[PDB]
$ cat coords33.pdb   # PDB, C-alpha atoms
MODEL        1
ATOM      1  CA  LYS A 344     -32.563 -35.747  10.348  1.00  0.00           C
ATOM      2  CA  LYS A 345     -32.034 -34.205   6.919  1.00  0.00           C
ATOM      3  CA  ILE A 346     -34.026 -31.147   8.010  1.00  0.00           C
ATOM      4  CA  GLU A 347     -31.735 -30.807  11.026  1.00  0.00           C
ATOM      5  CA  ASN A 348     -28.714 -30.923   8.732  1.00  0.00           C
ATOM      6  CA  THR A 349     -30.282 -28.207   6.582  1.00  0.00           C
ATOM      7  CA  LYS A 350     -31.025 -26.069   9.643  1.00  0.00           C
ATOM      8  CA  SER A 351     -27.412 -26.280  10.788  1.00  0.00           C
ATOM      9  CA  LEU A 352     -26.188 -25.424   7.296  1.00  0.00           C
ATOM     10  CA  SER A 353     -28.559 -22.449   7.124  1.00  0.00           C
ATOM     11  CA  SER A 354     -27.271 -21.093  10.427  1.00  0.00           C
ATOM     12  CA  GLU A 355     -23.675 -21.530   9.272  1.00  0.00           C
ATOM     13  CA  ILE A 356     -24.461 -19.758   5.997  1.00  0.00           C
ATOM     14  CA  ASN A 357     -26.074 -16.852   7.840  1.00  0.00           C
ATOM     15  CA  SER A 358     -23.019 -16.452  10.064  1.00  0.00           C
ATOM     16  CA  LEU A 359     -20.664 -16.639   7.079  1.00  0.00           C
ATOM     17  CA  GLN A 360     -22.710 -14.055   5.174  1.00  0.00           C
ATOM     18  CA  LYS A 361     -22.587 -11.718   8.170  1.00  0.00           C
ATOM     19  CA  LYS A 362     -18.821 -12.155   8.468  1.00  0.00           C
ATOM     20  CA  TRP A 363     -18.207 -11.546   4.764  1.00  0.00           C
ATOM     21  CA  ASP A 364     -20.392  -8.435   4.714  1.00  0.00           C
ATOM     22  CA  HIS A 365     -18.586  -7.024   7.749  1.00  0.00           C
ATOM     23  CA  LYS A 366     -15.197  -7.736   6.175  1.00  0.00           C
ATOM     24  CA  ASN A 367     -16.238  -6.094   2.905  1.00  0.00           C
ATOM     25  CA  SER A 368     -17.406  -2.992   4.771  1.00  0.00           C
ATOM     26  CA  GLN A 369     -14.089  -2.772   6.614  1.00  0.00           C
ATOM     27  CA  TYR A 370     -12.226  -3.255   3.320  1.00  0.00           C
ATOM     28  CA  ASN A 371     -14.172  -0.403   1.727  1.00  0.00           C
ATOM     29  CA  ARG A 372     -13.429   1.852   4.692  1.00  0.00           C
ATOM     30  CA  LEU A 373      -9.725   0.997   4.513  1.00  0.00           C
ATOM     31  CA  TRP A 374      -9.536   1.740   0.789  1.00  0.00           C
ATOM     32  CA  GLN A 375     -11.236   5.091   1.374  1.00  0.00           C
ATOM     33  CA  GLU A 376      -8.680   5.824   4.098  1.00  0.00           C
ATOM     34  CA  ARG A 377      -5.833   5.018   1.706  1.00  0.00           C
ATOM     35  CA  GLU A 378      -7.256   7.370  -0.919  1.00  0.00           C
ATOM     36  CA  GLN A 379      -7.566  10.095   1.715  1.00  0.00           C
ATOM     37  CA  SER A 380      -3.906   9.515   2.597  1.00  0.00           C
ATOM     38  CA  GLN A 381      -2.851   9.885  -1.041  1.00  0.00           C
ATOM     39  CA  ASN A 382      -4.805  13.136  -1.292  1.00  0.00           C
ATOM     40  CA  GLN A 383      -3.058  14.246   1.896  1.00  0.00           C
ATOM     41  CA  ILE A 384       0.305  13.586   0.251  1.00  0.00           C
ATOM     42  CA  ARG A 385      -0.662  15.710  -2.747  1.00  0.00           C
ATOM     43  CA  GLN A 386      -1.917  18.566  -0.560  1.00  0.00           C
ATOM     44  CA  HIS A 387       1.262  18.476   1.511  1.00  0.00           C
ATOM     45  CA  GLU A 388       3.435  18.519  -1.606  1.00  0.00           C
ATOM     46  CA  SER A 389       1.625  21.618  -2.876  1.00  0.00           C
ATOM     47  CA  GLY A 390       2.145  23.243   0.516  1.00  0.00           C
ATOM     48  CA  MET A 391       5.861  22.457   0.465  1.00  0.00           C
ATOM     49  CA  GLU A 392       6.110  23.910  -3.040  1.00  0.00           C
TER      50      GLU A 392
ATOM     51  CA  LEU B 834      25.829  47.338   6.741  1.00  0.00           C
ATOM     52  CA  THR B 835      23.195  49.943   7.594  1.00  0.00           C
ATOM     53  CA  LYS B 836      20.883  49.555  10.566  1.00  0.00           C
ATOM     54  CA  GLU B 837      17.808  49.244   8.347  1.00  0.00           C
ATOM     55  CA  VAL B 838      19.404  46.840   5.867  1.00  0.00           C
ATOM     56  CA  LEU B 839      20.840  44.508   8.501  1.00  0.00           C
ATOM     57  CA  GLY B 840      17.657  44.639  10.576  1.00  0.00           C
ATOM     58  CA  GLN B 841      15.582  43.674   7.554  1.00  0.00           C
ATOM     59  CA  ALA B 842      18.044  40.885   6.763  1.00  0.00           C
ATOM     60  CA  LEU B 843      17.901  39.547  10.329  1.00  0.00           C
ATOM     61  CA  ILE B 844      14.094  39.606  10.370  1.00  0.00           C
ATOM     62  CA  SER B 845      14.074  37.834   7.009  1.00  0.00           C
ATOM     63  CA  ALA B 846      16.437  35.209   8.420  1.00  0.00           C
ATOM     64  CA  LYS B 847      14.099  34.597  11.361  1.00  0.00           C
ATOM     65  CA  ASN B 848      11.083  34.272   9.069  1.00  0.00           C
ATOM     66  CA  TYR B 849      13.100  31.912   6.868  1.00  0.00           C
ATOM     67  CA  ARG B 850      13.774  29.823   9.968  1.00  0.00           C
ATOM     68  CA  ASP B 851      10.044  29.661  10.689  1.00  0.00           C
ATOM     69  CA  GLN B 852       9.201  28.687   7.114  1.00  0.00           C
ATOM     70  CA  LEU B 853      11.923  26.027   7.114  1.00  0.00           C
ATOM     71  CA  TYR B 854      10.500  24.512  10.293  1.00  0.00           C
ATOM     72  CA  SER B 855       7.040  24.399   8.716  1.00  0.00           C
ATOM     73  CA  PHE B 856       8.529  22.836   5.579  1.00  0.00           C
ATOM     74  CA  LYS B 857      10.220  20.102   7.600  1.00  0.00           C
ATOM     75  CA  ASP B 858       6.930  19.492   9.402  1.00  0.00           C
ATOM     76  CA  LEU B 859       5.190  18.977   6.060  1.00  0.00           C
ATOM     77  CA  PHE B 860       7.997  16.650   4.979  1.00  0.00           C
ATOM     78  CA  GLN B 861       7.390  14.549   8.095  1.00  0.00           C
ATOM     79  CA  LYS B 862       3.672  14.523   7.295  1.00  0.00           C
ATOM     80  CA  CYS B 863       4.455  13.247   3.798  1.00  0.00           C
ATOM     81  CA  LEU B 864       6.772  10.554   5.152  1.00  0.00           C
ATOM     82  CA  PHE B 865       4.143   9.140   7.477  1.00  0.00           C
ATOM     83  CA  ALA B 866       1.422   9.438   4.830  1.00  0.00           C
ATOM     84  CA  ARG B 867       3.525   7.347   2.442  1.00  0.00           C
ATOM     85  CA  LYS B 868       4.183   4.731   5.109  1.00  0.00           C
ATOM     86  CA  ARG B 869       0.502   4.510   6.044  1.00  0.00           C
ATOM     87  CA  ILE B 870      -0.485   4.206   2.378  1.00  0.00           C
ATOM     88  CA  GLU B 871       1.875   1.241   2.054  1.00  0.00           C
ATOM     89  CA  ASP B 872       0.381  -0.271   5.208  1.00  0.00           C
ATOM     90  CA  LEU B 873      -3.176   0.145   3.942  1.00  0.00           C
ATOM     91  CA  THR B 874      -2.295  -1.321   0.546  1.00  0.00           C
ATOM     92  CA  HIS B 875      -0.903  -4.549   1.969  1.00  0.00           C
ATOM     93  CA  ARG B 876      -3.714  -4.750   4.537  1.00  0.00           C
ATOM     94  CA  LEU B 877      -6.301  -4.422   1.757  1.00  0.00           C
ATOM     95  CA  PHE B 878      -4.594  -7.158  -0.258  1.00  0.00           C
ATOM     96  CA  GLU B 879      -4.748  -9.471   2.759  1.00  0.00           C
ATOM     97  CA  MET B 880      -8.401  -8.529   3.298  1.00  0.00           C
ATOM     98  CA  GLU B 881      -9.205  -9.465  -0.295  1.00  0.00           C
ATOM     99  CA  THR B 882      -7.587 -12.852   0.285  1.00  0.00           C
TER     100      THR B 882
ATOM    101  CA  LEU C 834      19.190  41.785  35.442  1.00  0.00           C
ATOM    102  CA  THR C 835      22.864  41.921  34.488  1.00  0.00           C
ATOM    103  CA  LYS C 836      24.646  41.695  31.154  1.00  0.00           C
ATOM    104  CA  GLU C 837      26.216  38.251  31.519  1.00  0.00           C
ATOM    105  CA  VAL C 838      23.215  36.607  33.176  1.00  0.00           C
ATOM    106  CA  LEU C 839      20.780  37.935  30.582  1.00  0.00           C
ATOM    107  CA  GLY C 840      23.039  36.925  27.697  1.00  0.00           C
ATOM    108  CA  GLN C 841      23.266  33.421  29.124  1.00  0.00           C
ATOM    109  CA  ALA C 842      19.494  33.366  29.604  1.00  0.00           C
ATOM    110  CA  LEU C 843      18.971  34.412  25.987  1.00  0.00           C
ATOM    111  CA  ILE C 844      21.194  31.572  24.798  1.00  0.00           C
ATOM    112  CA  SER C 845      19.293  29.209  27.100  1.00  0.00           C
ATOM    113  CA  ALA C 846      15.948  30.256  25.632  1.00  0.00           C
ATOM    114  CA  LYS C 847      17.248  29.801  22.088  1.00  0.00           C
ATOM    115  CA  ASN C 848      18.435  26.280  22.879  1.00  0.00           C
ATOM    116  CA  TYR C 849      15.094  25.671  24.591  1.00  0.00           C
ATOM    117  CA  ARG C 850      13.220  26.501  21.402  1.00  0.00           C
ATOM    118  CA  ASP C 851      15.405  24.232  19.270  1.00  0.00           C
ATOM    119  CA  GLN C 852      15.082  21.377  21.760  1.00  0.00           C
ATOM    120  CA  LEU C 853      11.328  21.947  21.799  1.00  0.00           C
ATOM    121  CA  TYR C 854      11.140  21.446  18.048  1.00  0.00           C
ATOM    122  CA  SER C 855      13.182  18.239  18.300  1.00  0.00           C
ATOM    123  CA  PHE C 856      10.908  17.016  21.097  1.00  0.00           C
ATOM    124  CA  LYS C 857       7.880  17.757  18.929  1.00  0.00           C
ATOM    125  CA  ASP C 858       9.336  15.596  16.165  1.00  0.00           C
ATOM    126  CA  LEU C 859       9.970  12.716  18.562  1.00  0.00           C
ATOM    127  CA  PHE C 860       6.455  13.085  19.964  1.00  0.00           C
ATOM    128  CA  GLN C 861       4.894  12.810  16.521  1.00  0.00           C
ATOM    129  CA  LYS C 862       6.944   9.695  15.775  1.00  0.00           C
ATOM    130  CA  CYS C 863       5.703   8.274  19.076  1.00  0.00           C
ATOM    131  CA  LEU C 864       2.122   9.101  18.092  1.00  0.00           C
ATOM    132  CA  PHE C 865       2.428   7.224  14.812  1.00  0.00           C
ATOM    133  CA  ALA C 866       4.055   4.216  16.473  1.00  0.00           C
ATOM    134  CA  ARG C 867       1.387   4.146  19.194  1.00  0.00           C
ATOM    135  CA  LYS C 868      -1.354   4.046  16.576  1.00  0.00           C
ATOM    136  CA  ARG C 869       0.558   1.300  14.765  1.00  0.00           C
ATOM    137  CA  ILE C 870       0.522  -0.750  17.967  1.00  0.00           C
ATOM    138  CA  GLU C 871      -3.174   0.032  18.405  1.00  0.00           C
ATOM    139  CA  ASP C 872      -4.031  -1.368  14.977  1.00  0.00           C
ATOM    140  CA  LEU C 873      -1.765  -4.379  15.467  1.00  0.00           C
ATOM    141  CA  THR C 874      -3.386  -5.258  18.798  1.00  0.00           C
ATOM    142  CA  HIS C 875      -6.831  -4.858  17.233  1.00  0.00           C
ATOM    143  CA  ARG C 876      -5.829  -7.284  14.479  1.00  0.00           C
ATOM    144  CA  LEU C 877      -4.371  -9.695  17.035  1.00  0.00           C
ATOM    145  CA  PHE C 878      -7.660  -9.652  18.940  1.00  0.00           C
ATOM    146  CA  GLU C 879      -9.567 -10.378  15.732  1.00  0.00           C
ATOM    147  CA  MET C 880      -7.253 -13.272  14.923  1.00  0.00           C
ATOM    148  CA  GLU C 881      -7.545 -14.698  18.439  1.00  0.00           C
ATOM    149  CA  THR C 882     -11.321 -14.607  18.020  1.00  0.00           C
TER     150      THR C 882
ENDMDL
END
$ encode --input "coords33.pdb" --output "structure tokens"
Amino acid sequence: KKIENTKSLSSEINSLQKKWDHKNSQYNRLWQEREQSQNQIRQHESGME
Amino acid sequence: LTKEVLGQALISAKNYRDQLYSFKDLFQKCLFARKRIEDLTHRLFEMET
Amino acid sequence: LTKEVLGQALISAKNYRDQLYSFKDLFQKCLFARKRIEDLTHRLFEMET
């Protein structure tokens, strides 16, 4: 019975780890996109100058 | 009010019109870049939560 | 190919070009808003999951 509990907890932990890793990857991508947007603003401002 | 002087002035006015249109286009680009940067910032904050 | 008709046609073409630029601006706003809705629906799907 205790082993069954541990098995369920292990599966839950694996799923949670997968979810957190995916979310972190998406967060990194989004931050990179934001930095690209800021660089775009600077480039555009030079062009308008 | 010579032919050459006024022709040059008119051509310069047309080219100024073109450059002004391009400038407004870049201004629009900057506007949307700023808005998207704001969007990404708040999205990233939520993602961190 | 008469004076009045061609003058009117020239004015028509000029107004066409200005209207075309305004339409371009509206189209770009529509593009940005469409992508906003795309991201929002993606997020809504994630949250439903």
$ interface_residues --input "coords33.pdb" --of "chain B" --to "chain C" --cutoff "9 Å" --atoms "all atoms listed in the file" --output "MDAnalysis selection string"
chainID B and resid 854 858 861 865
$ write_last_selection --input "coords33.pdb" --atoms "C-alpha atoms" --output "compact mmCIF listing (two decimals), keeping the file's coordinate frame"
# COMPACT_ATOMS: atom_id res chain seq x y z
CA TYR B 854 10.50 24.51 10.29
CA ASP B 858 6.93 19.49 9.40
CA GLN B 861 7.39 14.55 8.10
CA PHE B 865 4.14 9.14 7.48
$ calpha_fit_rmsd --input "coords33.pdb" --fixed "chain C" --moving "chain B"
1.8 Å
$ atom_distance --input "coords33.pdb" --atom1 "atom CA of residue 370 of chain A" --atom2 "atom CA of residue 881 of chain B"
7.8 Å
$ resolve_selection --input "coords33.pdb" --expression "the ChimeraX specification (/B :<8) & /A" --output "number ranges by chain"
A: 366, 370, 373-374, 376-377, 380-381, 383-384, 387-388, 390-391
$ axis_aligned_box --input "coords33.pdb" --around "segment 855-862 of chain C" --padding-each-side "3 Å" --output "AutoDock Vina command-line options"
--center_x 9.0 --center_y 14.0 --center_z 18.4 --size_x 14.3 --size_y 14.5 --size_z 11.3
$ atom_distance --input "coords33.pdb" --atom1 "atom CA of residue 359 of chain A" --atom2 "atom CA of residue 344 of chain A"
22.7 Å
$ atom_distance --input "coords33.pdb" --atom1 "atom CA of residue 851 of chain C" --atom2 "atom CA of residue 835 of chain C"
24.5 Å
$ build_atoms --input "coords33.pdb" --residues "segment 869-880 of chain C" --atoms "N, CA, C and O atoms" --output "JSON list (two decimals), in the frame of the given file"
[["chain", "number", "residue", "atom", "x", "y", "z"],
["C", 869, "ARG", "N", 0.17, 2.57, 15.36],
["C", 869, "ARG", "CA", 0.56, 1.30, 14.76],
["C", 869, "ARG", "C", 0.29, 0.15, 15.73],
["C", 869, "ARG", "O", -0.30, -0.87, 15.36],
["C", 870, "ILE", "N", 0.74, 0.30, 16.98],
["C", 870, "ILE", "CA", 0.52, -0.75, 17.97],
["C", 870, "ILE", "C", -0.96, -0.94, 18.22],
["C", 870, "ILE", "O", -1.43, -2.07, 18.44],
["C", 871, "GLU", "N", -1.73, 0.15, 18.22],
["C", 871, "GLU", "CA", -3.17, 0.03, 18.40],
["C", 871, "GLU", "C", -3.79, -0.85, 17.33],
["C", 871, "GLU", "O", -4.53, -1.80, 17.63],
["C", 872, "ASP", "N", -3.48, -0.56, 16.07],
["C", 872, "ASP", "CA", -4.03, -1.37, 14.98],
["C", 872, "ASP", "C", -3.55, -2.81, 15.06],
["C", 872, "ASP", "O", -4.33, -3.75, 14.82],
["C", 873, "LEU", "N", -2.28, -3.02, 15.39],
["C", 873, "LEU", "CA", -1.76, -4.38, 15.47],
["C", 873, "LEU", "C", -2.45, -5.17, 16.57],
["C", 873, "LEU", "O", -2.77, -6.35, 16.37],
["C", 874, "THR", "N", -2.69, -4.56, 17.73],
["C", 874, "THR", "CA", -3.39, -5.26, 18.80],
["C", 874, "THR", "C", -4.84, -5.53, 18.42],
["C", 874, "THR", "O", -5.38, -6.59, 18.76],
["C", 875, "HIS", "N", -5.48, -4.60, 17.71],
["C", 875, "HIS", "CA", -6.83, -4.86, 17.23],
["C", 875, "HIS", "C", -6.85, -6.08, 16.32],
["C", 875, "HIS", "O", -7.71, -6.97, 16.45],
["C", 876, "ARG", "N", -5.91, -6.14, 15.38],
["C", 876, "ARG", "CA", -5.83, -7.28, 14.48],
["C", 876, "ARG", "C", -5.55, -8.57, 15.24],
["C", 876, "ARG", "O", -6.11, -9.63, 14.93],
["C", 877, "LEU", "N", -4.67, -8.51, 16.24],
["C", 877, "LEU", "CA", -4.37, -9.70, 17.04],
["C", 877, "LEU", "C", -5.61, -10.18, 17.77],
["C", 877, "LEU", "O", -5.84, -11.39, 17.88],
["C", 878, "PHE", "N", -6.41, -9.26, 18.30],
["C", 878, "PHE", "CA", -7.66, -9.65, 18.94],
["C", 878, "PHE", "C", -8.59, -10.33, 17.94],
["C", 878, "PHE", "O", -9.20, -11.36, 18.25],
["C", 879, "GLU", "N", -8.72, -9.76, 16.75],
["C", 879, "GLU", "CA", -9.57, -10.38, 15.73],
["C", 879, "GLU", "C", -9.09, -11.79, 15.44],
["C", 879, "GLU", "O", -9.90, -12.73, 15.34],
["C", 880, "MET", "N", -7.78, -11.97, 15.31],
["C", 880, "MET", "CA", -7.25, -13.27, 14.92],
["C", 880, "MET", "C", -7.39, -14.28, 16.06],
["C", 880, "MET", "O", -7.61, -15.47, 15.82]]
